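Asks: Just dropping this structure here.
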Amino acid sequence: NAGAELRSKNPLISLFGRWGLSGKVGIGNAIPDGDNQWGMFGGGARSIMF
Amino acid sequence: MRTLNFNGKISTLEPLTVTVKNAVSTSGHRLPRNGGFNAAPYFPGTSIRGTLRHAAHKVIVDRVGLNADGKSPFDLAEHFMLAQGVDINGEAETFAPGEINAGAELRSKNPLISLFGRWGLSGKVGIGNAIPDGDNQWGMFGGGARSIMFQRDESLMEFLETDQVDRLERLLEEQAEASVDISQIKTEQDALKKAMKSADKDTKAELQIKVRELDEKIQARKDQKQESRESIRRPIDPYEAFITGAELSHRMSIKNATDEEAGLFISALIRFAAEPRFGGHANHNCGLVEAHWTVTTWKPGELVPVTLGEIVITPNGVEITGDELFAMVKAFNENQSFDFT
Amino acid sequence: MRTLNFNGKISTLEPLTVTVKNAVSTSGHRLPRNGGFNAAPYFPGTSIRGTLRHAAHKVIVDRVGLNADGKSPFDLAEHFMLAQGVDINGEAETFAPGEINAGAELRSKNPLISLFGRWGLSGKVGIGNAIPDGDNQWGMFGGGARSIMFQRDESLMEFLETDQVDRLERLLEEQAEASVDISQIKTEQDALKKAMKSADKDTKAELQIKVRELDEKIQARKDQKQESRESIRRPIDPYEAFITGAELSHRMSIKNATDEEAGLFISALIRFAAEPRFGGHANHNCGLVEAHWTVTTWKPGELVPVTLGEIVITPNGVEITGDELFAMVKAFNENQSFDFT
Amino acid sequence: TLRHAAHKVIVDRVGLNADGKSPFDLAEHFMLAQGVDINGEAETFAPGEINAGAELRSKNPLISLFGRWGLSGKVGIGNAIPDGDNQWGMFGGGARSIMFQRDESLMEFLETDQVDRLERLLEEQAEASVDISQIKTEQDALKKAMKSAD
RNA sequence: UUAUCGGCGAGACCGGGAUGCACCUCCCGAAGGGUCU
DNA sequence: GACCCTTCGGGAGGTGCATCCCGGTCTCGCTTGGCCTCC
DNA sequence: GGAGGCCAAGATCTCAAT
């Protein structure tokens, strides 16, 4: 019976939560709509500047 | 007067479990094993026999008729005799040994008591165990843990009034305290229990007495609690069951089955298909099965049996093939000389 | 009174996970497996039963109606009995001779207890497991790593006072030193813990005692840590869950369901559709599902079932089809003779 | 079991009389089945010889295979010795229940007087169980001190 | 092998209730470049 | 169309709680007289 | 009216237990 008061005082810890206090916010994974929407990027190579 | 052998398989749609008194131990719930502690489990033929016997009993109850109030003509004694096979009034026609054709009239007039029998009257129906086809077709199901609904879902606290909220707080504090005390008592109890392996028998007796008194202490401590004797939050121990999709081979037979008794048995199988549930833990829908049996008869003196047909029980219906099984069912449903009282 | 079989599937809109006590081990988090270690996991029917039972409890609470304050007329014992089937008052008796016929009235007055039973009253609702259609429909999700807030983002350093920056410096230093100490203790701990495979039976107790003492020393090392007890920076172990878009075959049933009981159950399904979340890990939005069930009935003695309708739960709404299901829900709603107290 | 099978073979072979009654009376039935002679009309061979009853063995194959009292049988049937070491187990078991405490739909069939009779039955069963448990407890207490008794 | 012959059998559902859950950014730096109609 | 050059590390948790009950069978391995109906 | 057939009666008590 302390959650209600605590959640009213602290909206952030109400939303996201802590150990023992459940968070109201659930944020799921992001799934691609189609296919072949992922690839290798970056890479490259360090080179002697001089 | 023919022998019908029902050779087939029982396919499992939901885990199949059963609690046999001699199979379960303090360590945990185990299925009855096919001989030994490390052998393959099986589903008891006793459970299948009881389920089919009660299905046949309900077939008979429906066939005799129900009055406008929905009451059957049978008193308590007839119901017990037809389903449990036990007589309470003591009026069962006891056959002294040596009687020629002992059950003749009773078998001719009461196909249910002819099929399944009682004390003093051998039943023609033998329903064997179900044996899995492969290995690792069983596992520990159930599990879980009961939980405070108000610690899990805080939105339930809004319904509770202040007095009940305080009652909840006292209940939880009491649960924690009792858990700690019982835990200490259990630690001492298991200390004596691990000392139980002492070679001296006298010590073992003394340890057993002390363990008994510690169990009494646990019960006393539980009684001292005022809010709730039992702890609400507790893990639930699993039960062993056959996995979903397990194939279990089954054998049933009727020895010297007339058309009427075979028809009653087939009607019992048909009615069983409406609720094809074996075993227990139905709260988790355990026990649903689908089965198919191939019916064969063997005339003594001949070298090969002949297949009469097949009974297939599926969630989509009951399939019965072969004109002989239909003839059996029609013979049962069209014989009006049955007296089940 | 007819049996209703709910045959259908559950489609996961988000990963579906559950932590069953026996299912997990020291290796990590795992779903309960249908058979053995290398078997196809399933979603327990116990969790589904609990979620639907609490949905039905909320249905009953809303139907009864709250007072002006927003409080419910039910006592704490009545909430506990409806939602979890727990008699904290210590009045439940399993084999009371006088309760032999009193079950019918209790069921007729209390649809929720009739559906979901208690200790001593069988529940008409059986809710089975959810078993995936395909293979490789599960995986390890949730793996992450808690970070130091002020090392990832240095712009938050300027918010802290000068005295608190030293607090964070002490936190980081103590984390480093305690982590190296605990890692050394662990690596020697596991080095001898690996010896469990081939060790003397007598030394096995000491090896258990040795590891326990090492655990005590680890706890003592953590205890002397001043600024924090547990290190902020740590990797988070993943949990096993069904993949997004997994198709799990699920089967539910109500045995001899009155129209009112079936209406209560369908209303529980309708209320569950507001938050169709099974299992755990509410953060990461795990557990969201989308299910459709086909309701069929089977009158005993018949050969083929009858389809009453389909219940479809989607994020866009709930669809109930068939005049029978609407009649059931109406029958539940229009009955004013229920006493849940 | 095999002697009964042979007796059934003989009964089938001989057939039934014109009236449909089996042509064996009680005496012949027990001679073929159990091997006893109930009326004392059986041949009593001299004890000295071994190859006795040649005519009887020629005429009655069942008595020749499975003997009678006074005539040794030619059929020896041995035990069925198991091959493995864990091929036996405690099967059966189970537990008889009450058909009305397990299935509640069966109570709808009972009338009021029958329901009252069932309630009386359950109460009597519980009372008798408790009383008999007390008596067995006292009996076991006697048994434990029986060895220490003079 | 100290003689002879003999199925131990029948009936029984062990079942009932229980959400295992709560919190956590895995991040950080790097020219792949040059010769020839 | 010839060839370099393949990285470092941090850090791994904490809790509860472990139930209650029934209900344990009946025969029999002998002979003879008393008595009920039967042919 | 034996003659078949059933049923009740007759003494006291039997230790071994993974």
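As shown in the structure tokens, the chain order sets the letters A, B, ...; within each chain, residues go from 1, and ligands are also counted from 1 in the order they appear.
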Can you tell me which residues surround residue 11 in chain E at a distance of at most 6 Å, considering only C-alpha atoms (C1' of nucleotides), apart from same-chain residues fewer than 2 positions away, and format the answer as a list in words?

Replies: residues 85, 118 and 119 of chain B

Asks: Report as a PyMOL selection string the set of chain F residues whose atoms approach chain A to within 12 Å, with distances computed over only C-alpha atoms (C1' of nucleotides).

Replies: chain F and resi 4-7+13-16

Asks: Let me make sure I understand: if you superpose chain B onto chain C using all C-alpha atoms paired in order, what RMSD in Å results?

Replies: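 Overlaying the two chains on their C-alpha atoms yields 1.0 Å.
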
Asks: Residues of range 1-35 of chain A in alpha helix (DSSP H) according to DSSP, as a VMD selection string?

Replies: chain A and resid 3 to 9 11 to 15

Asks: Could you turn the residues from that selection into a file that holds N, CA and C atoms, as a PDB file, in the first residue's frame?

Replies:
ATOM      1  N   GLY A   3       3.126   1.666  -2.648  1.00  0.00           N
ATOM      2  CA  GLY A   3       3.380   1.946  -4.050  1.00  0.00           C
ATOM      3  C   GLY A   3       2.578   3.125  -4.563  1.00  0.00           C
ATOM      4  N   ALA A   4       1.275   3.141  -4.273  1.00  0.00           N
ATOM      5  CA  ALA A   4       0.394   4.180  -4.799  1.00  0.00           C
ATOM      6  C   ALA A   4       0.897   5.573  -4.437  1.00  0.00           C
ATOM      7  N   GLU A   5       1.172   5.794  -3.151  1.00  0.00           N
ATOM      8  CA  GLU A   5       1.706   7.079  -2.715  1.00  0.00           C
ATOM      9  C   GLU A   5       3.054   7.358  -3.367  1.00  0.00           C
ATOM     10  N   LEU A   6       3.941   6.360  -3.379  1.00  0.00           N
ATOM     11  CA  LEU A   6       5.259   6.550  -3.972  1.00  0.00           C
ATOM     12  C   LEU A   6       5.158   6.851  -5.458  1.00  0.00           C
ATOM     13  N   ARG A   7       4.270   6.153  -6.164  1.00  0.00           N
ATOM     14  CA  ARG A   7       4.110   6.404  -7.589  1.00  0.00           C
ATOM     15  C   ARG A   7       3.530   7.786  -7.845  1.00  0.00           C
ATOM     16  N   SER A   8       2.635   8.252  -6.973  1.00  0.00           N
ATOM     17  CA  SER A   8       2.101   9.599  -7.138  1.00  0.00           C
ATOM     18  C   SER A   8       3.169  10.656  -6.885  1.00  0.00           C
ATOM     19  N   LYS A   9       4.072  10.408  -5.935  1.00  0.00           N
ATOM     20  CA  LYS A   9       5.117  11.389  -5.665  1.00  0.00           C
ATOM     21  C   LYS A   9       6.212  11.369  -6.725  1.00  0.00           C
ATOM     22  N   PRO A  11       6.799  10.164 -10.406  1.00  0.00           N
ATOM     23  CA  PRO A  11       6.342   9.574 -11.672  1.00  0.00           C
ATOM     24  C   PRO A  11       7.417   8.814 -12.418  1.00  0.00           C
ATOM     25  N   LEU A  12       8.681   9.222 -12.319  1.00  0.00           N
ATOM     26  CA  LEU A  12       9.733   8.541 -13.069  1.00  0.00           C
ATOM     27  C   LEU A  12       9.939   7.122 -12.565  1.00  0.00           C
ATOM     28  N   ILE A  13      10.041   6.954 -11.247  1.00  0.00           N
ATOM     29  CA  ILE A  13      10.218   5.621 -10.697  1.00  0.00           C
ATOM     30  C   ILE A  13       8.931   4.825 -10.793  1.00  0.00           C
ATOM     31  N   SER A  14       7.796   5.495 -10.983  1.00  0.00           N
ATOM     32  CA  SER A  14       6.560   4.785 -11.278  1.00  0.00           C
ATOM     33  C   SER A  14       6.590   4.216 -12.684  1.00  0.00           C
ATOM     34  N   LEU A  15       6.983   5.035 -13.654  1.00  0.00           N
ATOM     35  CA  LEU A  15       7.060   4.616 -15.043  1.00  0.00           C
ATOM     36  C   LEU A  15       8.055   3.484 -15.218  1.00  0.00           C
TER      37      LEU A  15
END

Asks: Determine which residues of chain E sit within 8 Å of chain C, taking into account only C-alpha atoms (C1' of nucleotides), and present them as JSON, numbers by chain.

Replies: {"E": [16, 17, 18, 19, 20, 21, 24, 25, 26, 27]}

Asks: Which chain D residues are at most 12 Å from chain G (counting only C-alpha atoms (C1' of nucleotides)), as number ranges by chain?

Replies: D: 143, 146-147

Asks: Just write the chosen residues, N, CA, C and O atoms, as a short mmCIF file (atom, residue, chain, number, x, y, z; two decimals), in the first residue's frame.

Replies:
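Contents of result-v2.cif, freshly written:
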data_model
loop_
_atom_site.label_atom_id
_atom_site.label_comp_id
_atom_site.auth_asym_id
_atom_site.auth_seq_id
_atom_site.Cartn_x
_atom_site.Cartn_y
_atom_site.Cartn_z
N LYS D 143 1.70 -55.19 20.39
CA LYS D 143 2.70 -55.96 19.60
C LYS D 143 4.13 -55.51 19.92
O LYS D 143 5.02 -56.37 20.01
N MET D 146 5.17 -56.86 23.06
CA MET D 146 5.04 -58.32 23.10
C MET D 146 6.40 -58.99 23.19
O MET D 146 6.58 -59.96 23.94
N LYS D 147 7.38 -58.50 22.42
CA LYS D 147 8.72 -59.09 22.47
C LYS D 147 9.36 -58.90 23.83
O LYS D 147 10.02 -59.81 24.35
#

Asks: Tell me which protein, DNA and RNA residues are within 10 Å of residue 44 in chain B, counting only C-alpha atoms (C1' of nucleotides), leaving out same-chain ones fewer than 5 positions away, and put them as a list in words.

Replies: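 Everything that qualifies: residues 17, 18, 19, 20, 31, 32, 33, 34, 49, 127, 128, 129, 130, 131 and 279 of chain B; 91, 92, 93 and 94 of chain D; 13 of chain E.
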
Asks: Specify as a PyMOL selection string all residues of chain C found within 7 Å of chain B, counting only C-alpha atoms.

Replies: chain C and resi 20-22+34-36+45-46+70-72+75-76+88-90+123+125-128+252+298-301+303-305

Asks: Write a file of the just-selected residues containing C-alpha atoms, as a PDB file, in the first residue's frame.

Replies:
ATOM      1  CA  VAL C  20       9.289 -21.715 -13.868  1.00  0.00           C
ATOM      2  CA  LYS C  21      11.233 -22.728 -10.772  1.00  0.00           C
ATOM      3  CA  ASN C  22      12.070 -26.271 -11.874  1.00  0.00           C
ATOM      4  CA  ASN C  34       8.044 -30.450 -23.237  1.00  0.00           C
ATOM      5  CA  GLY C  35      10.272 -33.479 -22.712  1.00  0.00           C
ATOM      6  CA  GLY C  36      13.842 -33.340 -21.460  1.00  0.00           C
ATOM      7  CA  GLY C  45      -0.790 -23.649 -18.875  1.00  0.00           C
ATOM      8  CA  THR C  46      -0.384 -22.648 -15.250  1.00  0.00           C
ATOM      9  CA  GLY C  70     -13.872   2.989  -4.791  1.00  0.00           C
ATOM     10  CA  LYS C  71     -13.661   0.100  -2.332  1.00  0.00           C
ATOM     11  CA  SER C  72     -14.961  -3.383  -2.888  1.00  0.00           C
ATOM     12  CA  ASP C  75     -13.340  -9.168   2.456  1.00  0.00           C
ATOM     13  CA  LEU C  76      -9.653  -9.977   2.068  1.00  0.00           C
ATOM     14  CA  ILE C  88      -7.069 -18.053   4.742  1.00  0.00           C
ATOM     15  CA  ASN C  89      -9.960 -18.401   7.209  1.00  0.00           C
ATOM     16  CA  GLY C  90      -9.115 -22.090   7.652  1.00  0.00           C
ATOM     17  CA  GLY C 123     -12.716 -26.537 -11.195  1.00  0.00           C
ATOM     18  CA  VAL C 125     -11.953 -25.011 -16.399  1.00  0.00           C
ATOM     19  CA  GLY C 126      -8.920 -26.809 -17.746  1.00  0.00           C
ATOM     20  CA  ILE C 127      -6.320 -24.648 -19.483  1.00  0.00           C
ATOM     21  CA  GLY C 128      -3.577 -26.548 -21.274  1.00  0.00           C
ATOM     22  CA  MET C 252      -8.739 -24.965 -23.273  1.00  0.00           C
ATOM     23  CA  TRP C 298     -19.725 -32.629 -27.895  1.00  0.00           C
ATOM     24  CA  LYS C 299     -22.868 -34.220 -26.531  1.00  0.00           C
ATOM     25  CA  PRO C 300     -21.955 -37.632 -25.078  1.00  0.00           C
ATOM     26  CA  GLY C 301     -23.301 -40.453 -27.188  1.00  0.00           C
ATOM     27  CA  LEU C 303     -20.226 -39.202 -32.941  1.00  0.00           C
ATOM     28  CA  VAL C 304     -19.151 -35.747 -34.165  1.00  0.00           C
ATOM     29  CA  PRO C 305     -18.700 -32.412 -32.334  1.00  0.00           C
TER      30      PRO C 305
END

Asks: Pick the closest to residue 39 in chain D from D:26, D:123, D:135, D:14: which is it, counting only C-alpha atoms?

Replies: D:26

Asks: Write down, as number ranges by chain, each residue of chain D that has any atom within 10 Å of an atom of chain E, counting only C-alpha atoms (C1' of nucleotides).

Replies: D: 1-4, 31, 33-37, 47, 50, 66-73, 93-99, 101-102

Asks: Rounded to one decimal, what separation in Å do you get between CA of residue 208 in chain B and CA of residue 24 in chain B?

Replies: 21.0 Å

Asks: One decimal, in Å: what's the spacing between CA of residue 255 in chain B and CA of residue 310 in chain B?

Replies: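 So the two atoms, CA of residue 255 in chain B and CA of residue 310 in chain B, lie 18.1 Å apart.
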
Asks: For chain C, which residues have at least one atom within 10 Å of chain D, if we go by only C-alpha atoms? Write them as a PyMOL selection string, please.

Replies: chain C and resi 1+95-101+103-104+120-122+256

Asks: Hey, what's within 7 Å of residue 30 in chain C if we count only C-alpha atoms (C1' of nucleotides) and toss same-chain stuff fewer than 5 positions away? As JSON, numbers by chain, please?

Replies: {"C": [23, 24, 239, 240]}

Asks: Okay, now the selection with N, CA, C and O atoms, as a compact mmCIF listing (two decimals), in the first residue's frame?

Replies:
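Below is the file that was written, result21.txt:
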# COMPACT_ATOMS: atom_id res chain seq x y z
N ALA C 23 12.11 -25.33 -14.13
CA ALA C 23 12.61 -25.22 -15.50
C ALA C 23 14.02 -24.62 -15.54
O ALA C 23 14.88 -25.11 -16.28
N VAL C 24 14.26 -23.58 -14.75
CA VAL C 24 15.56 -22.93 -14.77
C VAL C 24 16.57 -23.76 -13.98
O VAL C 24 16.22 -24.64 -13.20
N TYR C 239 17.41 -13.89 -21.11
CA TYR C 239 16.38 -14.86 -20.78
C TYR C 239 15.90 -15.52 -22.06
O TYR C 239 15.98 -14.94 -23.15
N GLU C 240 15.39 -16.74 -21.94
CA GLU C 240 14.88 -17.47 -23.09
C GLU C 240 13.40 -17.17 -23.26
O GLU C 240 12.64 -17.20 -22.28

Asks: Between CA of residue 251 in chain C and CA of residue 7 in chain C, measure the distance and give it in Å to one decimal.

Replies: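 Spanning CA of residue 251 in chain C to CA of residue 7 in chain C is a straight-line distance of 4.7 Å.
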
Asks: When you count only C-alpha atoms, which of these residues is closest to chain B: A:28, A:16, A:23, A:43?

Replies: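 Result for the nearest residue to chain B: A:23.
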
Asks: Against chain C, which residues of chain A fall within 9 Å? For each one I want the closest pair of atoms and the distance in Å (one decimal), counting only C-alpha atoms, rows by chain and increasing residue number, as a Markdown table.

Replies:
| residue | atom | partner | partner_atom | distance |
| --- | --- | --- | --- | --- |
| A:16 | CA | C:283 | CA | 8.2 |
| A:22 | CA | C:282 | CA | 8.4 |
| A:23 | CA | C:283 | CA | 7.0 |
| A:24 | CA | C:283 | CA | 7.8 |
| A:25 | CA | C:283 | CA | 6.3 |
| A:26 | CA | C:283 | CA | 4.1 |
| A:27 | CA | C:284 | CA | 4.6 |
| A:28 | CA | C:284 | CA | 4.4 |
| A:29 | CA | C:284 | CA | 6.9 |
| A:31 | CA | C:244 | CA | 8.4 |

Asks: Grab the residues selected above and save them as a compact mmCIF listing (two decimals), in the first residue's frame with C-alpha atoms.

Replies:
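What ended up in result28.txt:
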# COMPACT_ATOMS: atom_id res chain seq x y z
CA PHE A 16 10.37 2.82 -15.34
CA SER A 22 7.31 -2.75 -11.07
CA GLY A 23 7.58 -0.24 -13.89
CA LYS A 24 4.50 0.71 -15.86
CA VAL A 25 6.46 1.26 -19.09
CA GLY A 26 7.15 -1.65 -21.41
CA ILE A 27 9.25 -0.92 -24.50
CA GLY A 28 9.49 -3.83 -26.91
CA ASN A 29 11.92 -4.79 -29.64
CA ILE A 31 11.28 -5.84 -35.85

Asks: If you take only C-alpha atoms (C1' of nucleotides) and a cut-off of 10 Å, which residues of chain F touch chain C, and what are their nearest atom pairs and distances in Å to one decimal, in chain and number order, as JSON lines?

Replies:
{"residue": "F:10", "atom": "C1'", "partner": "C:233", "partner_atom": "CA", "distance": 7.8}
{"residue": "F:11", "atom": "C1'", "partner": "C:234", "partner_atom": "CA", "distance": 4.2}
{"residue": "F:12", "atom": "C1'", "partner": "C:234", "partner_atom": "CA", "distance": 5.0}
{"residue": "F:13", "atom": "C1'", "partner": "C:230", "partner_atom": "CA", "distance": 6.4}
{"residue": "F:14", "atom": "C1'", "partner": "C:230", "partner_atom": "CA", "distance": 8.1}
{"residue": "F:20", "atom": "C1'", "partner": "C:119", "partner_atom": "CA", "distance": 8.4}
{"residue": "F:21", "atom": "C1'", "partner": "C:94", "partner_atom": "CA", "distance": 7.1}
{"residue": "F:22", "atom": "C1'", "partner": "C:95", "partner_atom": "CA", "distance": 7.5}

Asks: Using DSSP on the backbone, list every residue of range 37-221 of chain C that comes out as strand (DSSP E), and give them as a list in words.

Replies: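 Restricting range 37-221 of chain C to strand (DSSP E) produces residues 125, 126, 127, 128, 129, 130, 131, 132, 138, 139, 140, 141, 144, 145 and 146 of chain C.
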